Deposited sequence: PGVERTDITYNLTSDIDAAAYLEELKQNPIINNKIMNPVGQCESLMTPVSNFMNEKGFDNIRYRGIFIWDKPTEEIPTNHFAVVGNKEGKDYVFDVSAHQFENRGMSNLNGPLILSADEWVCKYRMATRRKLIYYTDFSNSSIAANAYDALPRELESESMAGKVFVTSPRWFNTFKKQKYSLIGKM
């Protein structure tokens, strides 16, 4: 399967993003970049005629006792009644036990979820503001057992977490 949907001109959009030398370097070297890419990717999408732009804050938990979960960020937008996710730094995880995330993704929302599932406990929340997203899905210590799952959307629900929660 694929990283770039044909439902929209994702291949063209990726090339256009990569014509920007700063974005090109961040796609070549994505580790630590998802947060800084939110604003530029949103601007890009808006100018392409996507609307209802949201900022997707994500956690990836390996185990219940992890002190700081792994975070990630993507941008979601509507085009003609369907949501698409631009996640051009997904491949920051290629070398961290998610080898299937082997390039930038521009996918429908359902394809995006599918991609992460085929690649740990993963959940997200969409926000209207990128700094709100960043704050809610930050890199400070958090205890999974006492996190509110209110407003969390599960991508995965591993057996360990269902057992953990009881």
>> Checking coverage: what stretches of the deposited chain sequence are missing C-alpha positions?
In response: 1-8, 128-130, 178-186
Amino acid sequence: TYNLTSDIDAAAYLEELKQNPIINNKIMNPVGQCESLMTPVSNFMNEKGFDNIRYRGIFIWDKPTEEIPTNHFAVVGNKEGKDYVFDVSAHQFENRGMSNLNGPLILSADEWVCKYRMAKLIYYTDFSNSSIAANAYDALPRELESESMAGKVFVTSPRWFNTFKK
From here on, numbers count along this sequence of modelled residues.
> Per the entry, where is the mean C-alpha temperature factor higher: 153-161 or 8-16?
Replying inline: 8-16
>> Highest mean C-alpha temperature factor of the two stretches 71-79 and 89-97, which is it?
In response: 89-97
> Highest CA temperature factor in the entry: which of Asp138, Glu47, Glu35, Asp126?
Replying inline: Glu47
> Mind checking which third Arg117 falls in for C-alpha B-factor across the chain?
Replying inline: highest
>> Based on the deposited C-alpha B factors for this chain, I'd like to know if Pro64 is in the lowest, middle or highest third.
In response: highest
> According to the PDB entry, is the CA B factor of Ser42 in the bottom, middle or top third of its chain, that is, lowest, middle or highest?
Replying inline: lowest
>> Where does the C-alpha B-factor of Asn52 rank in its chain, lowest, middle or highest third?
In response: middle
> Should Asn102 be placed in the lowest, middle or highest third of its chain by the C-alpha B factor in the entry?
Replying inline: highest
